[PDB]
Each structure stands twice: as structure tokens, then as C-alpha cells.
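*Asks:* One structure, as C-alpha cells, below. Some questions next.
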Amino acid sequence: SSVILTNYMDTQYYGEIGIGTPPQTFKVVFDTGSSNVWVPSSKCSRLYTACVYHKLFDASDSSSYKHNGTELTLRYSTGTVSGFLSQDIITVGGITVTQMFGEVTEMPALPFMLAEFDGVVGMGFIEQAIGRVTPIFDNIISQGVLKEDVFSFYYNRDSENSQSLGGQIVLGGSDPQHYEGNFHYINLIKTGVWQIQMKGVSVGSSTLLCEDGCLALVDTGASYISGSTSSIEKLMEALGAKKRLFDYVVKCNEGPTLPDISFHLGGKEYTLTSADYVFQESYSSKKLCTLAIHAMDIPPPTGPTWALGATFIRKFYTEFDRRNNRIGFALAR
Ligand SMILES: CCc1nc(N)nc(N)c1-c1ccc2c(c1)N(CCCOC)C(=O)[C@H](c1cc(F)cc(F)c1)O2
Ligand SMILES: *[C@@H]1O[C@H](CO)[C@@H](O)[C@H](O)[C@H]1NC(C)=O
């Protein structure tokens with residue numbers, strides 16, 4: 001099964017899912033970086049403006065709902081959400097599964113007022129599930145209908161017209177229509193996390209970063225490519241970028257010529273061009289242009305680790321293989 005994804009300014013990718021009977025629709029990001037499913041709740045106080053601006057799941061309107069009520073808190077690198085558990089049927093591109101998800105009742109304006117999506121569908125392993133709730137993909141796998149125990153991601157580049165698909169996630173396989181060449185796989189460091197070993201990161205013609213090795217989380221729920229503060233500071237000094245409150249900028253006229261940045265994964269260099277990582281909104285030398293690379297200190301056990309988000313996936317179609325605990329990359333088409 002495949003789900004069409006909408007691309008919002010190259011930083012948000014989301015698709016639709018149905019919850020309840022009748023189906024209540026929600027826009028959600030498919031996140032390999034988390035393992036729980038949650039959408040805003042009708043029980044969310046309207047004092048939380050984010051709740052006034054998003055679709056709210058209402059249990060009293062679903063005849064398939066199953067109460068539970070266990071409280072859970074979800075902590076992402078850029079924001080938190082709190083609520084309780086509930087069960088109901090979820091529709092995901094033609095597949096129906098009874099799933100336990102969180103109904104959020106606490107949704108901070110910052111950053112959720114800036115969220116185009118309503119909730120999140122974690123594609124991570126149960127080992128990372130909060131409240132030890134069974135992840136949606138596991139439940140789907142339990143049906144034994146998927147041709148393969150894998151799922152793929154395609155994140156297109158932004159488009160100023162309602163015609164190109166923002167992205168596409170395939171449940172049970174990969175779509176040849178959106179990648180060329182062959183997949184190159186890299187084994188996971190350990191099942192339970194979509195994290196692989198990275199041999200080195202190079203900026204220009206010199207592997208000046210991650211020598212001796214480092215970690216890489218392949219996170220479909222992250223807008224950018226992130227590294228530890230130390231690493232980024234160093235990488236950014238190389239590009240000649242200035243650090244601001246939340247991002248790094250470079251003079252727009254300089255963007256087009258910034259050097260290539262490469263990531264050594266499983267014996268194969270994945271190269272990004274300046275076009276691939278800077279939001280070239282202008283050419284003026286009087287305007288600042290943001291880079292799709294940020295600094296993010298992920299705490300243990302997962303971190304310290306780099307994170308390969310949408311910036312990296314836009315260029316490399318990505319397949320997540322559960323049966324073989326490996327990740328595959330192929331040039332996106
Ligand atoms: C999908 C959940 C999620 N998963 C992981 N693994 N990491 C995250 N940081 C987030 C996460 C949390 C809140 C967010 C966003 C991501 N995203 C990125 C969506 C990525 O889609 C592929 C936003 O758009 C945003 C948001 C808006 C801002 F303006 C500033 C922010 F910091 C955060 O609100
Ligand atoms: C909520 O779900 C968990 C996990 O399935 C279950 O063990 C627990 O009994 C449920 N709680 C209630 C009160 O429904």
C-alpha cells in the first residue's frame with residue numbers, strides 16, 4: 001500500500017489516515033524517529049491554541065472506539081505532547097488495523113501552531129515505544145498481508161504547483177518509479193532503532209568530520225540533517241555560516257557555490273550539493289539564506305548521533321527493512 005504525501009515548504013511531509021467509525025481524518029507525519037501514534041484530542045482544552053487549529057479526534061463519535069486512558073508523554077527533539085491512550089480502527093492507505101494511539105490534550109503553541117500536520121504515526125521499533133504500546137507497523141505485519149516486511153520513503157522537492165506529489169510512503173515494498181540504480185544496504189547497529197554506523201563526513205575535498213566513526217539516525221520525522229553541536233559548529237565554520245537563534249545562514253549570493261557535503265555510509269559516499277542543502281530563496285548578497293542542516297544534541301541511549309532527515313531523504317529514496325534489520329538507499333527519481 002502507498003500513501004500520497006503532501007510536501008509543505010520542504011520541511012513538513014504528511015499523509016492522511018482515518019481513525020474511528022465513521023472515519024475521522026487526520027494529517028500525520030510518518031516518523032521513523034518515533035514509535036507511537038497520536039493525534040489531537042477533542043478533550044484538548046481550547047486554551048491550547050494549537051488545538052483550536054487542528055483536527056480533533058472525538059471518541060464519542062466513533063462506534064469502534066475502545067477506552068483505555070493510560071497517560072503518556074511524547075518527547076521529540078523540538079517539542080512535547082501529552083495525553084492518554086485510546087484504541088480504535090485506523091486506516092492507512094487501504095490497510096485497516098486496530099491500533100492503540102494517544103489522544104493528545106496538551107499541545108504547545110510553539111512549535112505546533114507551526115505544524116501543518118495534526119499528529120504523528122511512529123514507524124520506529126517497539127523497543128522505543130512509550131508506554132510499551134505496540135507500533136502500527138508491527139500490527140500491520142501481524143496481519144500477514146504485506147508482500148514484504150519493509151516500508152519505503154520518497155520525499156520530493158518542493159513545488160509551486162498543485163500537481164507534483166509531495167512524497168510517497170510504500171507499505172510492503174518500494175516504488176521503482178521513484179529511484180534509479182540499485183539499493184545499497186547498511187545493517188542497523190542494533191534492532192530497535194533506525195540507526196546505522198557512519199564511517200565519515202566530509203566537507204569539500206577533505207574528510208574533516210566524524211573521523212574514527214560516528215552514529216547516524218535515519219529520521220523521516222525530522223526536517224533537516226542534524227549533528228552534535230560540536231560537529232555542526234565545526235562543519236558550519238567550514239561553510240562560512242553564521243549561527244542564529246534556531247538556524248545557520250550564509251549570504252544568499254554565496255549559497256550556489258558552497259561546497260559538497262558527503263556522508264560515508266556502509267561503504268558508499270552519499271553526496272549533497274549546495275543546491276541540496278541551502279534554501280536558495282534569493283541571490284542577493286544583502287539577504288540571509290538558511291541551510292537545511294541544524295545542530296541537535298540527541299541524548300543517550302540513542303545519541304550522540306547525526307540524524308538524516310528530509311534534507312537527505314529528498315535525494316536518496318529510503319527503504320526500511322524490518323526482516324533484515326537494514327536500511328537501503330537509492331538515488332531518488
Ligand atoms: C514527526 C514528529 C517528530 N519526529 C522526530 N523524530 N523528530 C521530530 N523533531 C519530530 C517533530 C516534532 C514537531 C514538529 C516537527 C517534527 N516538524 C517537522 C516535520 C517533519 O516532517 C517530515 C515540524 O514541522 C514542526 C516544527 C515547526 C517549526 F517551525 C519549528 C520546529 F522546531 C518544529 O513540529
Ligand atoms: C491499556 O492498554 C494496556 C496495554 O494493552 C493494557 O495492559 C491496560 O490494561 C489498558 N488499560 C486500561 C485500563 O484499559
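For the C-alpha cells, the naming scheme is as follows: chains receive sequential letters (A, B, ...) according to their order of presentation, residues are indexed from 1 within each chain, and ligands are indexed from 1 in presentation order.
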If you run DSSP on the backbone here, which positions in region 8-214 of chain A get helix (DSSP H, G or I)? Please write them as a ChimeraX atom specification.
*Replies:* /A:49-52,59-61,109-112,126-128,130-132,136-142,176-178
*Asks:* Could you list, as a list in words, all the residues within 9 Å of ligand 2, counting only C-alpha atoms and all ligand atoms?
*Replies:* residues 66, 67, 68, 69, 70, 85, 86, 87, 100, 131, 132, 133 and 134 of chain A
*Asks:* Take the residues just selected and output them with N, CA, C and O atoms as a PDB file, in the first residue's frame.
*Replies:*
ATOM      1  N   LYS A  66     -12.318   2.160  21.766  1.00  0.00           N
ATOM      2  CA  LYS A  66     -12.116   1.330  22.957  1.00  0.00           C
ATOM      3  C   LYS A  66     -11.333   2.156  23.973  1.00  0.00           C
ATOM      4  O   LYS A  66     -10.180   2.512  23.736  1.00  0.00           O
ATOM      5  N   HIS A  67     -11.954   2.457  25.104  1.00  0.00           N
ATOM      6  CA  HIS A  67     -11.298   3.243  26.140  1.00  0.00           C
ATOM      7  C   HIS A  67     -10.109   2.540  26.798  1.00  0.00           C
ATOM      8  O   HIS A  67     -10.045   1.313  26.845  1.00  0.00           O
ATOM      9  N   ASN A  68      -9.156   3.330  27.282  1.00  0.00           N
ATOM     10  CA  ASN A  68      -8.001   2.801  27.997  1.00  0.00           C
ATOM     11  C   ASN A  68      -7.613   3.857  29.016  1.00  0.00           C
ATOM     12  O   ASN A  68      -7.605   3.598  30.219  1.00  0.00           O
ATOM     13  N   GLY A  69      -7.285   5.051  28.530  1.00  0.00           N
ATOM     14  CA  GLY A  69      -6.958   6.149  29.421  1.00  0.00           C
ATOM     15  C   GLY A  69      -5.586   6.271  30.053  1.00  0.00           C
ATOM     16  O   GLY A  69      -5.361   7.197  30.824  1.00  0.00           O
ATOM     17  N   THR A  70      -4.667   5.363  29.754  1.00  0.00           N
ATOM     18  CA  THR A  70      -3.335   5.465  30.345  1.00  0.00           C
ATOM     19  C   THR A  70      -2.647   6.729  29.837  1.00  0.00           C
ATOM     20  O   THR A  70      -2.627   7.003  28.634  1.00  0.00           O
ATOM     21  N   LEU A  85      -4.027   7.169  26.356  1.00  0.00           N
ATOM     22  CA  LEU A  85      -4.211   6.157  25.326  1.00  0.00           C
ATOM     23  C   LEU A  85      -5.677   5.832  25.019  1.00  0.00           C
ATOM     24  O   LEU A  85      -6.553   5.942  25.879  1.00  0.00           O
ATOM     25  N   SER A  86      -5.915   5.436  23.772  1.00  0.00           N
ATOM     26  CA  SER A  86      -7.234   5.061  23.276  1.00  0.00           C
ATOM     27  C   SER A  86      -7.001   4.089  22.138  1.00  0.00           C
ATOM     28  O   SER A  86      -5.929   4.079  21.526  1.00  0.00           O
ATOM     29  N   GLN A  87      -8.008   3.275  21.850  1.00  0.00           N
ATOM     30  CA  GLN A  87      -7.900   2.292  20.785  1.00  0.00           C
ATOM     31  C   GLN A  87      -9.047   2.472  19.803  1.00  0.00           C
ATOM     32  O   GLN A  87     -10.167   2.797  20.193  1.00  0.00           O
ATOM     33  N   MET A 100      -3.622   1.181  19.122  1.00  0.00           N
ATOM     34  CA  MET A 100      -3.670   1.944  20.356  1.00  0.00           C
ATOM     35  C   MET A 100      -2.872   3.181  20.023  1.00  0.00           C
ATOM     36  O   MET A 100      -1.744   3.084  19.537  1.00  0.00           O
ATOM     37  N   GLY A 131       5.178   3.798  26.858  1.00  0.00           N
ATOM     38  CA  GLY A 131       4.019   3.098  27.382  1.00  0.00           C
ATOM     39  C   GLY A 131       3.979   1.686  26.822  1.00  0.00           C
ATOM     40  O   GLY A 131       2.995   0.960  26.973  1.00  0.00           O
ATOM     41  N   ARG A 132       5.076   1.313  26.165  1.00  0.00           N
ATOM     42  CA  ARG A 132       5.226  -0.002  25.557  1.00  0.00           C
ATOM     43  C   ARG A 132       4.033  -0.376  24.673  1.00  0.00           C
ATOM     44  O   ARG A 132       3.613  -1.534  24.632  1.00  0.00           O
ATOM     45  N   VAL A 133       3.489   0.607  23.967  1.00  0.00           N
ATOM     46  CA  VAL A 133       2.361   0.373  23.069  1.00  0.00           C
ATOM     47  C   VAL A 133       2.869  -0.280  21.776  1.00  0.00           C
ATOM     48  O   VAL A 133       3.915   0.100  21.259  1.00  0.00           O
ATOM     49  N   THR A 134       2.135  -1.251  21.248  1.00  0.00           N
ATOM     50  CA  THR A 134       2.551  -1.898  20.007  1.00  0.00           C
ATOM     51  C   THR A 134       2.482  -0.921  18.827  1.00  0.00           C
ATOM     52  O   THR A 134       1.439  -0.332  18.554  1.00  0.00           O
TER      53      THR A 134
END
*Asks:* Would you please extract all strand (DSSP E or B) residues from region 123-320 of chain A, as assigned by DSSP on the backbone, and give them as a ChimeraX atom specification?
*Replies:* /A:150-155,167-171,179-188,195-203,209,214-218,225-227,242-243,248-251,261-265,269-272,278,288-291,293-295,306-308,316-320
*Asks:* Pick out the residues no farther than 7 Å from ligand 1, counting only C-alpha atoms and all ligand atoms, and list them as a short mmCIF file (atom, residue, chain, number, x, y, z; two decimals) with C-alpha atoms, in the first residue's frame.
*Replies:*
data_model
loop_
_atom_site.label_atom_id
_atom_site.label_comp_id
_atom_site.auth_asym_id
_atom_site.auth_seq_id
_atom_site.Cartn_x
_atom_site.Cartn_y
_atom_site.Cartn_z
CA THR A 11 10.19 20.92 5.96
CA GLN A 12 6.94 19.04 6.55
CA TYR A 13 5.79 15.82 4.85
CA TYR A 14 2.47 14.26 5.82
CA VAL A 29 3.85 12.70 9.61
CA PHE A 30 5.22 9.18 9.19
CA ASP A 31 8.12 9.23 11.61
CA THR A 32 10.90 6.60 11.63
CA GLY A 33 12.26 8.61 14.55
CA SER A 34 9.46 7.72 16.99
CA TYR A 76 10.57 14.93 20.42
CA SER A 77 13.75 16.91 19.88
CA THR A 78 11.74 20.03 19.14
CA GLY A 79 8.62 19.73 21.27
CA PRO A 111 6.01 24.54 17.78
CA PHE A 112 2.63 23.01 16.99
CA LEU A 114 3.58 25.94 13.04
CA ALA A 115 2.62 22.34 12.28
CA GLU A 116 0.70 21.81 9.06
CA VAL A 120 2.29 11.55 14.19
CA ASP A 219 14.73 10.00 10.71
CA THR A 220 11.79 10.60 8.35
CA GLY A 221 10.17 12.74 11.04
CA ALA A 222 12.99 15.31 11.02
CA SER A 223 13.05 18.22 8.58
CA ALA A 310 14.18 15.16 4.92
#
*Asks:* Give me the residues near region 195-206 of chain A as an MDAnalysis selection string, where near means some atom within 6 Å (using only C-alpha atoms) and where sequence neighbours in that chain fewer than 4 positions away do not count.
*Replies:* chainID A and resid 188:189 210:211 213:217 259:265
*Asks:* What gap, in Å, lies between CA of residue 181 (chain A) and CA of residue 330 (chain A)?
*Replies:*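 Calculated distance between CA of residue 181 (chain A) and CA of residue 330 (chain A) is 6.5 Å.
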*Asks:* Quick one: residues within 10 Å of residue 54 (chain A), only C-alpha atoms counted, chain neighbours fewer than 6 positions away excluded, as a count of residues only?
*Replies:* 12
*Asks:* Near residue 102 (chain A), counting only C-alpha atoms, which residues have an atom at most 6 Å away, once you skip same-chain residues fewer than 2 positions from it, shown as JSON, numbers by chain?
*Replies:* {"A": [38, 84, 85, 104]}
*Asks:* As a PDB file with C-alpha atoms, in the first residue's frame, please: the residues near residue 82 (chain A) (cut-off 9 Å, only C-alpha atoms, same-chain neighbours under 2 positions excluded).
*Replies:*
ATOM      1  CA  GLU A  71      -1.417   8.728  30.364  1.00  0.00           C
ATOM      2  CA  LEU A  72       1.605   9.187  28.134  1.00  0.00           C
ATOM      3  CA  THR A  73       4.030  11.955  27.301  1.00  0.00           C
ATOM      4  CA  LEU A  74       5.862  12.117  23.970  1.00  0.00           C
ATOM      5  CA  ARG A  75       9.177  13.957  23.805  1.00  0.00           C
ATOM      6  CA  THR A  80       6.489  17.682  23.623  1.00  0.00           C
ATOM      7  CA  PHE A  84      -3.849   9.418  27.232  1.00  0.00           C
ATOM      8  CA  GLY A 102      -2.541   8.663  22.127  1.00  0.00           C
ATOM      9  CA  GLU A 103      -5.220  11.354  22.216  1.00  0.00           C
ATOM     10  CA  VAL A 104      -3.231  14.497  22.958  1.00  0.00           C
ATOM     11  CA  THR A 105      -4.692  17.032  25.429  1.00  0.00           C
ATOM     12  CA  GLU A 106      -1.595  19.197  25.821  1.00  0.00           C
ATOM     13  CA  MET A 107      -0.174  20.616  22.617  1.00  0.00           C
TER      14      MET A 107
END
*Asks:* I'd like the interatomic distance between CA of residue 109 (chain A) and CA of residue 44 (chain A), to a tenth of an Å.
*Replies:*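 For CA of residue 109 (chain A) relative to CA of residue 44 (chain A), the distance reads 12.7 Å.
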*Asks:* Write out as a compact mmCIF listing (two decimals) with C-alpha atoms, in the first residue's frame which residues come within 7 Å of residue 288 (chain A) when counting only C-alpha atoms, dropping same-chain ones fewer than 3 positions away.
*Replies:*
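And here is the file that came out, around_30.txt:
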# COMPACT_ATOMS: atom_id res chain seq x y z
CA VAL A 249 22.66 31.21 7.49
CA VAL A 250 25.06 32.18 4.76
CA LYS A 251 24.95 35.18 2.40
CA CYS A 252 22.46 34.14 -0.31
*Asks:* Closest to residue 281 (chain A) among A:253, A:6, A:42, A:302, using only C-alpha atoms?
*Replies:*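 Under the stated criterion, the closest residue is A:253.
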*Asks:* Measuring between only C-alpha atoms, which one of A:299, A:267, A:94, A:124 shows the shortest distance to residue 193 (chain A)?
*Replies:* A:124
*Asks:* Compare A:48, A:8, A:101, A:179 by their minimum atom-to-atom distance to residue 328 (chain A), counting only C-alpha atoms, and give me the closest one.
*Replies:*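 Result for the nearest residue to residue 328 (chain A): A:179.
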*Asks:* Just checking: using only C-alpha atoms, which residue out of A:176, A:122, A:108, A:227 ends up closest to residue 308 (chain A)?
*Replies:*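 For residue 308 (chain A), the nearest of the candidates is A:227.
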*Asks:* For CA of residue 16 (chain A) and CA of residue 121 (chain A), determine how far apart the two atoms are, in Å to one decimal place.
*Replies:*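 CA of residue 121 (chain A) lies at a distance of 10.3 Å from CA of residue 16 (chain A).
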